[PDB]
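**Q** Below is the structure I would like to discuss, written out as structure tokens.
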Amino acid sequence: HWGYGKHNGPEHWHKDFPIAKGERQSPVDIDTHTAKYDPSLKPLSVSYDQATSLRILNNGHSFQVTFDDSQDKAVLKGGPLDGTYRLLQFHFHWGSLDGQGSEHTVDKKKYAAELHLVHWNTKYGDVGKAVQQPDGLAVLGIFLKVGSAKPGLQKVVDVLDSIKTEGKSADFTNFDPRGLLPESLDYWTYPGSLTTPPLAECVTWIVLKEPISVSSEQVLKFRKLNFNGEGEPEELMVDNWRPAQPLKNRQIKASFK
Ligand SMILES: C[C@@H]1CC(=O)[C@@]2(C)CC[C@H]3[C@@H](CC[C@@H]4C[C@H](OS(N)(=O)=O)CC[C@@]43C)[C@H]12
Ligand SMILES: [Zn+2]
């Protein structure tokens with residue numbers, strides 16, 4: 001029922017998901033001058049060498065690459081985190097044009113897209129239990145700007161024609177998510193939420209300062225996806241981003257000076 005349109009988009013979500021007006025909603029604007037450098041923050045540990053990708057799926061609100069999270073193979077540790085977080089999936093949010101698409105903003109700047117690598121805390125045993133906990137999930141957010149191609153994204157772009165409509169999936173084995181990371185792991189962190197329904201307040205956000213560059217041809221392929229199922233009136237999957245929500249009583253911390 002929910003979506004990104006005039007009649008079912010972000011301003012409607014609170015009716016089915018009243019936590020939409022809660023105290024730790026995401027995304028937020030990152031005011032770079034107000035974010036406090038925290039020398040106590042650890043470097044982020046991204047251990048993706050044994051990652052096992054399984055499938056690529058159009059879920060009607062994004063496309064996602066799902067991983068085997070039945071063991072500690074692709075894990076996030078350190079940074080602001082206590083314990084070990086398993087990679088479940090990554091997905092993107094993007095715009096109809098390059099001047100919008102990101103969920104987080106930086107001094108009100110919107111990027112063309114935002115990559116979310118979703119991880120869950122192994123102390124809760126499964127992701128369904130983890131989404132009920134304030135420290136259940138860690139989402140690594142990476143901004144995309146348009147310029148030079150990202151070679152590590154091309155394997156993803158080239159299969160999107162096979163998952164055009166809601167509910168379509170394909171084999172997507174042997175994909176290495178290290179190819180989607182920028183040079184620097186400098187980050188901002190704050191306590192927040194899932195950015196789609198059910199908007200659960202279960203996420204430690206880790207947003208990288210350094211964007212990755214993708215080509216116009218790569219983001220054009222995102223924009224050919226469809227929100228609709230096959231047969232249904234064609235509605236391009238564009239502008240699948242929630243705007244910035246009130247920061248309320250929260251501090252954004254920077255890992256860097
Ligand atoms: C599988 C877990 C358990 C659960 O209840 C689910 C299904 C809610 C929806 C979640 C999913 C985890 C992966 C995604 C995270 C995304 O949030 S974001 N955009 O902040 O990264 C919201 C959409 C998403 C599919 C959750
Ligand atoms: Zn997301």
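By convention in this document, the chains of the structure tokens carry letters A, B, ... by their order, each chain's residues are numbered from 1, and ligands are numbered from 1 in the order they are shown.
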Which residues form the shell of 7 Å around ligand 1 when you count only C-alpha atoms and all ligand atoms, given as an NGL selection string?
**A** :A and (89 or 116-118 or 127-128 or 131 or 139 or 193-198)
**Q** Any chance you could list, as a PyMOL selection string, the residues in region 25-226 of chain A that come up strand (DSSP E or B) when DSSP is run on the backbone?
**A** chain A and resi 29-30+36-37+44-47+53-58+63-67+75-78+85-94+105-106+109+113-121+137-146+169-171+187-192+203-208+212-214+226
**Q** Okay, now the selection with C-alpha atoms, as a PDB file, in the first residue's frame?
**A**
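Here's the written file part_28.pdb:
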ATOM      1  CA  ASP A  29      20.357  16.390   7.455  1.00  0.00           C
ATOM      2  CA  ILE A  30      23.978  16.165   8.598  1.00  0.00           C
ATOM      3  CA  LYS A  36      30.985  16.759  17.079  1.00  0.00           C
ATOM      4  CA  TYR A  37      34.361  15.102  16.301  1.00  0.00           C
ATOM      5  CA  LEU A  44      35.062   1.082  11.187  1.00  0.00           C
ATOM      6  CA  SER A  45      35.942  -2.610  10.556  1.00  0.00           C
ATOM      7  CA  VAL A  46      34.406  -3.734   7.215  1.00  0.00           C
ATOM      8  CA  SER A  47      35.182  -7.496   6.695  1.00  0.00           C
ATOM      9  CA  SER A  53      25.774 -12.847  -2.516  1.00  0.00           C
ATOM     10  CA  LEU A  54      22.666 -14.911  -3.379  1.00  0.00           C
ATOM     11  CA  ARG A  55      19.958 -13.024  -5.304  1.00  0.00           C
ATOM     12  CA  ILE A  56      19.025  -9.638  -6.767  1.00  0.00           C
ATOM     13  CA  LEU A  57      15.344  -8.636  -6.260  1.00  0.00           C
ATOM     14  CA  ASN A  58      12.993  -5.773  -7.232  1.00  0.00           C
ATOM     15  CA  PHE A  63      16.294  -3.310  -5.807  1.00  0.00           C
ATOM     16  CA  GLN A  64      18.331  -5.311  -3.319  1.00  0.00           C
ATOM     17  CA  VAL A  65      21.229  -7.775  -3.388  1.00  0.00           C
ATOM     18  CA  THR A  66      20.798 -10.385  -0.625  1.00  0.00           C
ATOM     19  CA  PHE A  67      23.661 -12.222   1.104  1.00  0.00           C
ATOM     20  CA  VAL A  75      30.520  -8.388   8.961  1.00  0.00           C
ATOM     21  CA  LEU A  76      30.686  -4.824  10.257  1.00  0.00           C
ATOM     22  CA  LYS A  77      32.374  -4.184  13.637  1.00  0.00           C
ATOM     23  CA  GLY A  78      34.094  -1.313  15.468  1.00  0.00           C
ATOM     24  CA  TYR A  85      26.813  -7.170  12.617  1.00  0.00           C
ATOM     25  CA  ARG A  86      26.162  -9.533   9.667  1.00  0.00           C
ATOM     26  CA  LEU A  87      25.501  -8.126   6.155  1.00  0.00           C
ATOM     27  CA  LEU A  88      21.968  -9.141   5.026  1.00  0.00           C
ATOM     28  CA  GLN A  89      21.477  -7.004   1.890  1.00  0.00           C
ATOM     29  CA  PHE A  90      22.258  -3.770   0.133  1.00  0.00           C
ATOM     30  CA  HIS A  91      19.916  -1.533  -1.839  1.00  0.00           C
ATOM     31  CA  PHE A  92      19.760   2.008  -3.216  1.00  0.00           C
ATOM     32  CA  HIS A  93      17.633   5.147  -3.168  1.00  0.00           C
ATOM     33  CA  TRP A  94      17.809   7.464  -6.173  1.00  0.00           C
ATOM     34  CA  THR A 105      21.746  15.244   3.156  1.00  0.00           C
ATOM     35  CA  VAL A 106      25.001  17.062   4.002  1.00  0.00           C
ATOM     36  CA  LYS A 109      23.065  18.978  -0.209  1.00  0.00           C
ATOM     37  CA  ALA A 113      21.647   8.348  -4.889  1.00  0.00           C
ATOM     38  CA  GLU A 114      22.423   6.580  -1.605  1.00  0.00           C
ATOM     39  CA  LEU A 115      23.622   3.003  -1.075  1.00  0.00           C
ATOM     40  CA  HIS A 116      22.523   1.232   2.130  1.00  0.00           C
ATOM     41  CA  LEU A 117      24.408  -1.870   3.330  1.00  0.00           C
ATOM     42  CA  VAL A 118      22.123  -3.354   5.987  1.00  0.00           C
ATOM     43  CA  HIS A 119      23.660  -5.377   8.846  1.00  0.00           C
ATOM     44  CA  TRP A 120      22.113  -6.944  11.974  1.00  0.00           C
ATOM     45  CA  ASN A 121      23.525  -7.591  15.445  1.00  0.00           C
ATOM     46  CA  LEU A 137      20.805  -2.947  12.939  1.00  0.00           C
ATOM     47  CA  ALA A 138      23.774  -1.018  11.556  1.00  0.00           C
ATOM     48  CA  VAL A 139      23.275   0.592   8.144  1.00  0.00           C
ATOM     49  CA  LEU A 140      26.344   1.775   6.269  1.00  0.00           C
ATOM     50  CA  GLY A 141      25.238   4.662   4.038  1.00  0.00           C
ATOM     51  CA  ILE A 142      27.295   5.730   1.003  1.00  0.00           C
ATOM     52  CA  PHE A 143      26.471   8.712  -1.225  1.00  0.00           C
ATOM     53  CA  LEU A 144      26.603   8.460  -5.037  1.00  0.00           C
ATOM     54  CA  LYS A 145      27.489  11.428  -7.240  1.00  0.00           C
ATOM     55  CA  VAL A 146      27.463  11.351 -11.046  1.00  0.00           C
ATOM     56  CA  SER A 169      14.500 -11.769  -8.901  1.00  0.00           C
ATOM     57  CA  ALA A 170      17.625 -13.320 -10.473  1.00  0.00           C
ATOM     58  CA  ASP A 171      20.693 -15.335  -9.406  1.00  0.00           C
ATOM     59  CA  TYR A 187      31.969   8.644   8.870  1.00  0.00           C
ATOM     60  CA  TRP A 188      29.178  10.365  10.761  1.00  0.00           C
ATOM     61  CA  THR A 189      27.036   8.330  13.160  1.00  0.00           C
ATOM     62  CA  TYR A 190      23.742   8.825  14.980  1.00  0.00           C
ATOM     63  CA  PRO A 191      20.900   6.664  16.355  1.00  0.00           C
ATOM     64  CA  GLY A 192      17.975   6.377  13.920  1.00  0.00           C
ATOM     65  CA  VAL A 203      19.419   1.466  13.449  1.00  0.00           C
ATOM     66  CA  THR A 204      22.901   2.768  14.282  1.00  0.00           C
ATOM     67  CA  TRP A 205      23.549   4.893  11.175  1.00  0.00           C
ATOM     68  CA  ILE A 206      27.105   5.047   9.803  1.00  0.00           C
ATOM     69  CA  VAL A 207      27.199   7.516   6.881  1.00  0.00           C
ATOM     70  CA  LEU A 208      30.501   7.770   4.972  1.00  0.00           C
ATOM     71  CA  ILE A 212      31.452   7.166  -4.740  1.00  0.00           C
ATOM     72  CA  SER A 213      31.237   8.368  -8.360  1.00  0.00           C
ATOM     73  CA  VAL A 214      28.933   6.492 -10.793  1.00  0.00           C
ATOM     74  CA  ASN A 226       9.528   0.049 -12.403  1.00  0.00           C
TER      75      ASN A 226
END
**Q** Taking into account only C-alpha atoms, which residue in the set A:8, A:215, A:59, A:40 is nearest to residue 151 (chain A)?
**A**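 Residue with the minimum atom-to-atom distance to residue 151 (chain A): A:215.
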**Q** For residue 242 (chain A), which residue out of A:31, A:103, A:82, A:69 is the nearest one, using only C-alpha atoms?
**A**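 Checking each candidate against residue 242 (chain A), we get A:103 as the closest.
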**Q** Can you check which residues of region 13-179 of chain A DSSP gives as helix (DSSP H, G or I) on the backbone and send them as a list in words?
**A** residues 13, 14, 15, 18, 19, 20, 21, 122, 123, 124, 127, 128, 129, 130, 151, 152, 153, 154, 155, 156, 157, 160, 161, 162, 163, 177, 178 and 179 of chain A
**Q** Those same residues, written as a compact mmCIF listing (two decimals), in the first residue's frame with N, CA, C and O atoms?
**A**
# COMPACT_ATOMS: atom_id res chain seq x y z
N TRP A 13 2.86 7.99 5.62
CA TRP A 13 3.31 6.74 6.27
C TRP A 13 2.88 6.69 7.73
O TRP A 13 2.64 5.59 8.23
N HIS A 14 2.81 7.83 8.43
CA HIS A 14 2.50 7.86 9.88
C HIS A 14 1.13 7.21 10.16
O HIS A 14 0.90 6.74 11.29
N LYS A 15 0.22 7.19 9.19
CA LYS A 15 -1.13 6.62 9.44
C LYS A 15 -1.02 5.11 9.71
O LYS A 15 -1.65 4.63 10.65
N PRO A 18 2.77 4.82 13.02
CA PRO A 18 2.82 6.06 13.79
C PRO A 18 4.21 6.44 14.31
O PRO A 18 4.42 7.60 14.60
N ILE A 19 5.13 5.48 14.36
CA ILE A 19 6.54 5.77 14.73
C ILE A 19 7.19 6.70 13.71
O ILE A 19 8.26 7.24 14.00
N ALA A 20 6.56 6.94 12.57
CA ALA A 20 7.05 7.90 11.56
C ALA A 20 7.28 9.27 12.18
O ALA A 20 8.08 10.01 11.61
N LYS A 21 6.53 9.62 13.23
CA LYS A 21 6.68 10.90 13.97
C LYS A 21 7.45 10.70 15.28
O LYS A 21 7.36 11.58 16.17
N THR A 122 24.41 -9.84 15.72
CA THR A 122 24.34 -11.31 15.90
C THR A 122 23.88 -11.66 17.31
O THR A 122 23.41 -12.79 17.49
N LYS A 123 23.99 -10.75 18.27
CA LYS A 123 23.54 -11.07 19.65
C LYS A 123 22.02 -11.30 19.67
O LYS A 123 21.55 -11.89 20.66
N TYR A 124 21.27 -10.88 18.65
CA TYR A 124 19.80 -11.09 18.60
C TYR A 124 19.43 -12.26 17.68
O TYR A 124 18.24 -12.55 17.56
N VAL A 127 17.38 -11.29 12.06
CA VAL A 127 17.10 -9.88 11.74
C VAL A 127 15.71 -9.47 12.23
O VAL A 127 15.56 -8.31 12.62
N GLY A 128 14.74 -10.38 12.23
CA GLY A 128 13.39 -10.09 12.75
C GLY A 128 13.43 -9.69 14.23
O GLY A 128 12.68 -8.79 14.66
N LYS A 129 14.26 -10.36 15.02
CA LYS A 129 14.44 -10.00 16.44
C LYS A 129 15.23 -8.70 16.52
O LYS A 129 14.96 -7.86 17.38
N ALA A 130 16.24 -8.55 15.66
CA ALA A 130 17.12 -7.37 15.73
C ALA A 130 16.31 -6.10 15.46
O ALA A 130 16.63 -5.05 16.06
N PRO A 151 33.44 0.88 -11.55
CA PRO A 151 33.53 -0.44 -12.20
C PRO A 151 32.85 -1.54 -11.38
O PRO A 151 32.21 -2.41 -11.96
N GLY A 152 32.95 -1.46 -10.05
CA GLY A 152 32.37 -2.49 -9.16
C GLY A 152 30.85 -2.46 -9.13
O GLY A 152 30.29 -3.39 -8.58
N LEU A 153 30.20 -1.45 -9.69
CA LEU A 153 28.73 -1.38 -9.78
C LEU A 153 28.25 -2.01 -11.09
O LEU A 153 27.04 -2.30 -11.21
N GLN A 154 29.11 -2.19 -12.08
CA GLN A 154 28.60 -2.52 -13.44
C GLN A 154 27.88 -3.88 -13.45
O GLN A 154 26.89 -4.02 -14.16
N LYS A 155 28.37 -4.88 -12.70
CA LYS A 155 27.73 -6.22 -12.67
C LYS A 155 26.27 -6.07 -12.20
O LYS A 155 25.40 -6.79 -12.71
N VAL A 156 26.03 -5.15 -11.28
CA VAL A 156 24.65 -4.88 -10.78
C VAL A 156 23.82 -4.24 -11.91
O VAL A 156 22.72 -4.73 -12.23
N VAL A 157 24.32 -3.16 -12.49
CA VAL A 157 23.60 -2.40 -13.56
C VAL A 157 23.21 -3.35 -14.69
O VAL A 157 22.09 -3.25 -15.22
N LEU A 160 19.87 -5.39 -14.26
CA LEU A 160 18.61 -4.71 -13.84
C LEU A 160 17.51 -4.92 -14.89
O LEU A 160 16.36 -4.97 -14.49
N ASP A 161 17.84 -5.10 -16.17
CA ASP A 161 16.83 -5.36 -17.23
C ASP A 161 16.05 -6.65 -16.92
O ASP A 161 14.90 -6.77 -17.38
N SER A 162 16.63 -7.57 -16.14
CA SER A 162 16.00 -8.88 -15.81
C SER A 162 15.09 -8.81 -14.57
O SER A 162 14.39 -9.80 -14.29
N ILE A 163 15.09 -7.69 -13.85
CA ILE A 163 14.24 -7.53 -12.63
C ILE A 163 13.48 -6.21 -12.75
O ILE A 163 13.40 -5.45 -11.78
N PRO A 177 30.90 -6.86 -2.65
CA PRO A 177 30.50 -5.50 -2.27
C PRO A 177 31.68 -4.58 -1.91
O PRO A 177 31.47 -3.35 -1.82
N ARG A 178 32.91 -5.10 -1.80
CA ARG A 178 34.08 -4.21 -1.58
C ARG A 178 34.21 -3.24 -2.76
O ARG A 178 34.77 -2.18 -2.58
N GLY A 179 33.72 -3.63 -3.94
CA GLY A 179 33.84 -2.78 -5.14
C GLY A 179 32.92 -1.59 -5.09
O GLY A 179 32.97 -0.81 -6.05
**Q** For region 95-101 of chain A, work out the shell of residues within 6 Å, counting only C-alpha atoms and skipping chain neighbours fewer than 4 positions away, then give it as an NGL selection string.
**A** :A and (110-113 or 238-239 or 241)
**Q** Keeping only C-alpha atoms, write those residues as a PDB file, in the first residue's frame.
**A**
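Output saved as part_25.pdb:
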ATOM      1  CA  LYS A 110      21.254  16.059  -1.875  1.00  0.00           C
ATOM      2  CA  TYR A 111      23.298  13.443  -3.767  1.00  0.00           C
ATOM      3  CA  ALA A 112      22.054  11.584  -6.876  1.00  0.00           C
ATOM      4  CA  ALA A 113      21.647   8.348  -4.889  1.00  0.00           C
ATOM      5  CA  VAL A 238      12.538   7.032  -9.310  1.00  0.00           C
ATOM      6  CA  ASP A 239      12.496   9.309  -6.243  1.00  0.00           C
ATOM      7  CA  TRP A 241      13.835   8.454  -1.009  1.00  0.00           C
TER       8      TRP A 241
END
**Q** Can you measure CA of residue 34 (chain A) to CA of residue 186 (chain A) for me? One decimal in Å is fine.
**A**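 Between these atoms lies a distance of 16.3 Å.
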